[PDB]
Amino acid sequence: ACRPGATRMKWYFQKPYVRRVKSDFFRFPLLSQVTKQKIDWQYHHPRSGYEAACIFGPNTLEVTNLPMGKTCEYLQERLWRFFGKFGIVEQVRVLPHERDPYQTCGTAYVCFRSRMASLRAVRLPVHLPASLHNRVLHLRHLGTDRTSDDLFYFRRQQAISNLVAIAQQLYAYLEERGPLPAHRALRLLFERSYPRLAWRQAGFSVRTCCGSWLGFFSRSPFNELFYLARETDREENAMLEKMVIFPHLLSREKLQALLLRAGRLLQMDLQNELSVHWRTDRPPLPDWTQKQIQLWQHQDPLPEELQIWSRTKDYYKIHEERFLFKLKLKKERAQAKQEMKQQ
Amino acid sequence: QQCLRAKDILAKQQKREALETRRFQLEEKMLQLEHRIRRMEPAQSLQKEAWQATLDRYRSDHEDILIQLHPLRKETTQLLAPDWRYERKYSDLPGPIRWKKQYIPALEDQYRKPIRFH
Amino acid sequence: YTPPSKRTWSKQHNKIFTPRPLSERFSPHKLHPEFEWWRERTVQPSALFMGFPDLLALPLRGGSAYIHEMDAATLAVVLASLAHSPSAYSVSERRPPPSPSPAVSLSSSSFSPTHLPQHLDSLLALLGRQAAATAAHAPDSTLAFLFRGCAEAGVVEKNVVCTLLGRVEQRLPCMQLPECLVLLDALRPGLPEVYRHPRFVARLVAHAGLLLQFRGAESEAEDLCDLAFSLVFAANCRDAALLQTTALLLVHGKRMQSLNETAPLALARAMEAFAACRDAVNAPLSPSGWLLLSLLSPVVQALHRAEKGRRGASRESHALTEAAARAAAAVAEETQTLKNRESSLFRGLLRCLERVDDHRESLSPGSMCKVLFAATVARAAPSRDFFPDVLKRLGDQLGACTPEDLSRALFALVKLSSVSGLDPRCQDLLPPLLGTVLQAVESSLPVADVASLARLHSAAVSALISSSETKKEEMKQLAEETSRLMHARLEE
Amino acid sequence: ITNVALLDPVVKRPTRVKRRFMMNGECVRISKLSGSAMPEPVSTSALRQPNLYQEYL
Amino acid sequence: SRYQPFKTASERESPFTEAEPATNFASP
Amino acid sequence: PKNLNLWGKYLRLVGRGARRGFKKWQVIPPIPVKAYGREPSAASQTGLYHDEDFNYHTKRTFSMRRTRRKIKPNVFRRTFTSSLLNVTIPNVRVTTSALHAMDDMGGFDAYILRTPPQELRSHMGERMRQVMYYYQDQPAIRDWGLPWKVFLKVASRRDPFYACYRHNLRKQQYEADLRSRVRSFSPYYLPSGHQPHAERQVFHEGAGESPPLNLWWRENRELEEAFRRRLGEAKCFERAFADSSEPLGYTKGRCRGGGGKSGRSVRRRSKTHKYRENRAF
Amino acid sequence: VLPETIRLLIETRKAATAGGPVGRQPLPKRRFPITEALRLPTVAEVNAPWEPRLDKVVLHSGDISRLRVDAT
Amino acid sequence: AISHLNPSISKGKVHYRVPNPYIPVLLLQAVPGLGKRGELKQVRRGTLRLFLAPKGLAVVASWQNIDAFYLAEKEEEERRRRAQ
RNA sequence: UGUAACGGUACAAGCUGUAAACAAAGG
RNA sequence: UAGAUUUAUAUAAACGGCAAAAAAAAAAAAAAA
RNA sequence: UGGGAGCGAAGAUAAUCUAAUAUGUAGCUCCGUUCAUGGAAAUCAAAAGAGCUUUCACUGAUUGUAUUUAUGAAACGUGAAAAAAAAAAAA
RNA sequence: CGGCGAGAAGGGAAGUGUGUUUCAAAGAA
RNA sequence: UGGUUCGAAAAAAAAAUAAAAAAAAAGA
RNA sequence: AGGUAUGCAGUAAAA
């Protein structure tokens, strides 16, 4: 109807770029490894990718893969909230789209107060929810070239699958050979590496999902499959060198349910470390501050007194007695419930 | 004659494309190396020396490419600026060339009378 | 009335707005008469500087320059832009990538991007001709700027320079000291000798002397420092009277308040000039030493302020480092005659050396040679990494030195060769540097000046006395050659 | 087609292309901005891509 | 309003100058 | 219904006919512009008005006579100091909502930098944000401290040096013109040094002899020119005027009685009446 | 414009490229650049079509006083 | 913030009431008569706008400022312990 | 794009642009 | 698509603050389109 | 543009006149029409259920608003048309 | 011959008797 | 002899007009 | 008491 405000945003599917004629540089120019866009030697300047370092200082991270359909300011606030978990954030900037300044091109810069805070922040990628297009933001430290671990989630999923397979293998070995000593049983268990699934000695999934074999045995539901019995790393080895693993006699259905439960619990553990809360180890916030935080995402309902005027005269009697009395009764009920909550 | 000149210009532009692309890539790589070298100092390091050697090689290649490009740039941009010998006001010979008037702020902001005395 | 929705409640003004074509509704499969497809558009220049097309964009993109339309002020600005380390990254891009451009960085680069400097020779000639044309309509300050800009950018056409000299000589009596300093800047070492017309130089010096004599009150301390620097170096003057007048105006002209607020770099250059021309000052501690101390104190105060305080700050930090290096080098020569931990000379020298130690990277090759000379003269060391880390960079930057810098470096290396206590890296680095420096000095002997020759002879004598076990023959040859060259130049 | 414009091979800006003919009858497309000849159009073999919407229809 | 001062003297009994500082945390 | 933060709750789900037939004069009080979905005004886009802007309301009486009237926003002219822009910004038109939003964000600079476009509702604010980011990219231009509107346009951004040069040139032209006008209208006139004696009437009897004129300004031509320019700087008087920057300033309304010209029903200016008299807006 | 404005613009341009000497120049290979004549492409090379007596003649645009040649 | 309910309409202008003229702020320095450092005080918007913020005595109580103060105090305590 | 002014053409509600109704047979 | 093709139709918008003269130093300076 | 946005009348009906109707119409300014509008529920409903949005017919000139004139493609619902949700962690 | 159960927001709306029903003010062609 | 042109003084614009055609290397 | 014949800037005085 009218010119669009920032509430109306549009974006379009990007066709993958194919150089159909490799020698035709005029119509199929090379992409730049820095900007990931077509080289334009006539009207562009070379970029080393470190330019923002001269602007934001050494303690700076570049964030990539930011989604569409969001204001640069909204994304700046969200990124500030996320990166506050690692220290004091001096600044957050989000580059606008070439064709829509209200949207982002997909790049941002975060300037930290402390080198240690920035280095801690760079370690893991940032997984976003569906409302942010499920994007996984990739982080790059400008002062050390350190990058985020974009394969962390899928490597951990593979580790969880390997742990379930290890549990099944050990249960089968116990069912076949009977009770076995720990240091001999553990050497019969193998995992498949990520991503090509090459057989390996099972020692990495255990330490990435549980921290140790004792943790694996003592954490549910594997303690419902196995029972450790007495006849640092040195303590672990010595303690395992004098044990026997005994099985809990289960049926096929119970064992299958237990394996599914173990998978689900490990999945929850994986999601927790990616969705750690942003208020962890921070002071409480006043009600006004919490309302200001909320307003970045949601607007409060408009006052009902203003809203009443929308009742059209064609079918409604504006300011009607029964309608207003209904409003008063609802208000009274809400106040009574609040009083009950207080008491 | 103008068809011949057009063919010549296209021929040289098709080489300029590759030379300029290579120059662009060399420039971005050299800037990356220079930033990496600056970021580390005043420390002295074997990695620093290797960066310096790579930078020297890239600088030599860039100079060679620029030397190659200098004549090609001049010939491919010969008709971007007006040659008065080809304009309709100075002659009626066949094959005139016409250029549209530009907006130069430093002149659009001056007050001058419409005097054409030369 | 349609009640708004989540996507529709925000709207922009029909005429005052931010254009966002990605989200604005459009039907590209239809003809739009409003855009006037039939009408051809004009291709404007893609880069402009000072309202005209940028000359740094012409080698790559071409197009007309309109140089003949440029007035004196624009021409002087353009000449400065071309002369002062131009970078093609200063040019404007067209629809650039969202990420920041390399123009943001303040650091210099070891390679020239997008074209060589010599790819602008024709435009340089055109600019020189246009400067000769516009010289008659410029005010005094703009004319001085045009002269200096032509000299610095490298206009060499002799008729152009003759016209410029004529106009400048015409309008010299109407110029104040700042314009005289601007003109003197065009006579710096390395610039074309066409501008060094002896009669014009004599007239400029005489006018500056009259300005000092009749307007000493209005002279600023930084202006006096620049004047002394130019007189000693730019104009190659033996005007002991003028230099002494400048020194007196700097010290006893109620100028102590202004000496604190003047920039330290100007004071460093001034004390360098006085150290070069000591004999003139010490003519009817030494007075030169007192002058050096008076100029040094504010530099040390600025150093102390910076340390106590501990992109913008980088420039001032670099300037302060250069000032410290130059001040230390200037003080070293005077200390050669003192040989004591003088109440303030030695201490300010040590503080400058400490500043150099904490900012070794910022040093230019001349700064490296100066600081090595100062440290070797003082027989001190700001730290244990100083000598090795400075010798490494001196070797890496040997090619950009001048005869004076090479003489200083050779003096320092001769002094260092006689020290028994040295680090392994210093021992390894020394002999190659000594050999290369000796080769460079021998190559550049015919272009060395009298001060450089004297320093080289002193270094040769010191080595013969104390460093007779390293390249002994070359040092005797250097001593004899320096003696003969000094005899010839004194006869000249 | 009016929302689109040909690009000059040298300046890479919207241009106008005229057909000129040599003595032998060879045709040359020339661009107004730089006077450059137009490069030969990319071949159908290189340009070809399947039209999946028609298969869907 | 023939006389229209830019600054109007504030009223003593207006609710604006007497409103309560409110509470930082509602729960306590 | 949905969109409870926006006006029209009971219109959202009543039908198409009611929505198209809605009568604006049904709404007596003004609705906030953001919740109504109203286009920002040019004044709002040239100032920082946040939630406030031109609105409308209806007058209804016991006789059931309806009347709709346009109502202007409550706007003040205030000066701000911006560190990000390195300059004082005089006479920005601001509102109470905008001031409260600046308080919430943490000041003028924070409000300009952080506010989303929908909430800011100010193209001028967006341009200020752009200039702040440009200054961050290029600090050396920030050190000049020029008025921020110098770099409002993108072309000035691309050519900063010409922007500053042109700004100074126009400023100097303005200064020279004003100086010449003041000199022309100055109350002090200095005649030529070769004929300083003006025509006089016969001195009244008993008047003491006037001393010979002291022409100290004839020693040097430079002194003469300086004295002449100084004399040209003089002014006859200085006038007082309404200025909101002064604590005791005020403006004027209409006459005390409140009447009007007899027999004349004056029509107020509109966009279809006296629309473009003497100025665009 | 006031002369201070011109001074300001010139100084802002002058101070836009200050910094330390990164990159090594161990050898002197002179404030104005010198071009070597044996590296410039010849007319034949310049006119040659692209690949994946005109060989002894060079057409150079530049400063002959800065060219490095055996004879001029 | 302003409220859009029952505004005053006069002279063709609209003036909106401010039911809540108070805002919370964090005290960065000792303000005689207001509180000590690190306290969250409800003050008047004018007081914050024209005295406290200009004089650098307090700042708006945003989560950013609160967290920055908390982390700075923790760092200062750790610095004390390191010095000891 | 569309239209028009002058000019040429049967001094024209047509055609047409000072090359003003026609080049198609060039190293 | 063999060439040629005057003049008017106030156009730096193939482009971006508004606002006279398709875009005018800051301020004065004001807006439902 | 009887589509959408802003401002916004009187002649005419009310047998004068007011509201309401005319009508959110005309004029004025701005979008420029299926590659569009809009839109994947903090929805509607009853204690069973439906399932973004959109178009047609019925329910029905019903329940409504106006209370002398008239206005009213109401809501739920029913029968049809069309049918869609979301390629998308990097490569 | 099925067993104490698979992370469902503590918020919105619905009669004011909410024990019950429904939704999540947060995302693409 | 006037207009043009500078001033008054004017985009307060006489459609098909000009000291008014891309604006100095101009080749004397 | 508009501008007169090498022409552009530019200050003062005045039958």
Side-chain angles (χ1 to χ4, degrees), chain A residues 1-2 11 13 65 67-69 129-136 138 150 153-154 261 264 268 297-299 301 313-317 326 329-330 332-333 336, chain B residues 82 84 87-89 99-103 107-108 113-118, chain C residues 2 5 7-8 14-17 19 25 27-29 33 35-39 41-42 44 64 66 68-69, chain D residues 5 13-14 19 21 23 27, chain F residues 1-2 4-5 13-18 21-24 38-39 41-43 45-46 54 56 63-64 70 90-91 123-124 127 147 149-150 152-154 166-171 174 192 195 271-272 279-281:
Chain A
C2 321
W11 57 103
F13 195 93
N65 306 323
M68 290 285 120
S131 268
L132 286 185
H133 292 162
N134 290 311
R135 306 277 268 116
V136 178
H138 158 276
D150 285 291
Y153 183 93
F154 317 96
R261 210 165 245 171
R264 293 200 273 264
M268 299 189 219
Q297 175 72 41
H298 306 283
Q299 290 185 351
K313 63 151 201 67
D314 284 314
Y315 304 114
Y316 292 111
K317 286 200 254 244
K326 203 167 190 141
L329 292 174
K330 162 161 127 92
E332 262 161 53
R333 201 208 313 120
Chain B
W84 62 265
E87 308 210 62
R88 300 199 189 243
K89 84 163 282 202
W99 288 269
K100 288 158 91 58
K101 190 150 145 103
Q102 294 185 333
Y103 184 121
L107 307 180
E108 308 305 308
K113 305 167 185 175
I115 291 164
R116 277 305 182 241
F117 208 68
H118 61 46
Chain C
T2 52
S5 67
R7 305 171 174 97
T8 67
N14 234 123
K15 263 143 148 38
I16 316 180
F17 53 63
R25 96 183 156 131
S27 56
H29 65 292
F35 297 131
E36 299 177 342
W37 73 266
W38 55 82
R39 174 176 155 267
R41 269 72 164 174
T42 312
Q44 311 304 340
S64 205
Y66 304 91
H68 62 277
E69 301 282 38
Chain D
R13 313 281 278 282
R19 273 188 155 92
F21 283 76
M23 308 279 216
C27 163
Chain F
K2 330 177 173 179
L4 291 176
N5 63 311
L13 301 176
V14 48
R16 307 167 278 187
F22 190 76
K23 293 296 208 330
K24 303 183 255 162
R38 195 186 293 274
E39 287 156 86
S41 274
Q45 294 313 285
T46 36
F54 289 85
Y56 293 76
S63 48
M64 293 276 84
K70 187 183 72 174
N91 286 114
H123 178 78
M124 194 208 38
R127 293 279 179 154
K149 284 191 176 176
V150 163
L152 193 161
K153 283 159 136 321
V154 290
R166 183 192 195 277
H167 182 69
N168 278 263
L169 193 275
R170 289 283 184 269
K171 196 166 138 274
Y174 182 104
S192 165
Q195 219 297 102
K271 286 203 197 304
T272 37
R279 53 179 164 90
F281 55 88

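Proteins come first, then strands; the chains are lettered A, B, ... in the order of their sequence lines, and each starts at number 1. We use all heavy atoms of the structure for the numbers below, so side chains are in, but hydrogens, waters and symmetry mates are not.
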I'd like a table of atom pairs between the protein and nucleotides 77-79 of chain K - only N or O on both sides, under 3.5 Å - with the distance next to each one.
none

Produce the list of close N/O pairs, under 3.5 Å, pairing protein atoms with atoms of nucleotides 4-8 of chain I; give distances to one decimal.
none

Using atom names, set out every protein N or O paired with an N or O of nucleotides 82-91 of chain K below 3.5 Å, distance rounded to 0.1 Å.
residue	atom	partner	partner atom	Å
K:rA90	OP1	A:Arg135	NH1	3.2

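Side-chain proximity of F:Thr46 to J:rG17, K:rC31, J:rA19: nearest is J:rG17. Which of L:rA6, J:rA14, K:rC31 sits closest to the side chain of C:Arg41 comes down to J:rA14. Set against L:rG5, K:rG64, N:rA13, the side chain of A:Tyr315 has K:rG64 as its closest nucleotide.
Here I:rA12 and I:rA13 show unstacked bases; the six-membered rings are not both centred less than 5.5 angstrom apart and angled under 30°. Base stacking between M:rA14 and M:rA15 is absent, since the six-membered rings fail either the under 5.5 Å centre distance or the under 30° plane angle.
The phosphate of K:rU21 has OP1 or OP2 within less than 4.0 Å of a side-chain N or O from A:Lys313. Taking only side-chain nitrogens and oxygens, C:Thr42 never comes nearer than 4.0 Å to OP1 or OP2 of J:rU11. For D:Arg19 and J:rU1, the shortest distance from a side-chain N or O to OP1 or OP2 is not below 4.0 Å. Considering only side-chain N and O atoms, F:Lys149 lies nowhere under 4.0 angstrom from the phosphate OP1 or OP2 of J:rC18. Note on B:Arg116: every side-chain N or O is 4.0 Å or more away from OP1 and OP2 of M:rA19. For J:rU9, neither phosphate oxygen OP1 nor OP2 lies less than 4.0 angstrom from any side-chain nitrogen or oxygen of C:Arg39. The shortest distance between the side-chain N/O atoms of F:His123 and the OP1/OP2 oxygens of J:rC18 is not below 4.0 Å.
Surrounding NZ of B:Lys100 are more than 12 heavy atoms belonging to other residues, nucleotides or ligands, all under 6.0 Å away.
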**Message:** As a check on the pairing definition, encode RNA chain I in dot-bracket form, counting Watson-Crick and G-U wobble pairs whose two distances are under 3.5 Å, and using | for partners outside this strand.
**Reply:** .||||(.((....)).)..........
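Stacking of B:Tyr103 onto the six-membered ring of J:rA12 is present: less than 5.5 angstrom between centres, less than 30° between planes.
When atom types are taken as modelled, the side chain of F:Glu39 and the backbone of C:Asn14 share no donor-acceptor pair closer than 3.5 angstrom.
Shortest non-hydrogen contact noted between F:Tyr56 and F:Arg38 is CD1-NH1, 4.0 Å.
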**Prompt:** Can you give one letter per nucleotide of nucleotides 1-10 of chain K, 5' to 3': B if a protein heavy atom sits under 4.0 Å from the base, S if only from the sugar-phosphate, - if neither?
**Reply:** --SBSSBB--
**Message:** So if I define the base as every atom that isn't primed, P, OP1 or OP2, how would nucleotides 16-23 of chain I read as a B/S/- string at a heavy-atom cutoff under 4.0 Å?
**Reply:** --------
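Residue B:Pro82 is in base contact, counting any heavy-atom pair closer than 4.0 Å across all strands shown. Within 4.0 Å of F:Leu13, counting heavy atoms only, lie sugar-phosphate atoms of the nucleic acid but no base atom. Using a 4.0 Å heavy-atom criterion, one finds that F:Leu152 contacts the bases of the nucleic acid, with or without backbone contacts as well.
Summarising the geometry, atom CE belonging to A:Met68 is positioned 8.0 Å from atom CZ belonging to A:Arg135; distances are rounded to the nearest 0.5 Å.
To the nearest whole angstrom, the two P atoms, one in J:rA20 and one in J:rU6, are 35 Å apart.
Taken as a pair, L:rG15 and L:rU20 do not qualify under the rule of Watson-Crick (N1-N3 plus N6-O4 or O6-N4) or G-U wobble (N1-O2 and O6-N3), both under 3.5 Å.
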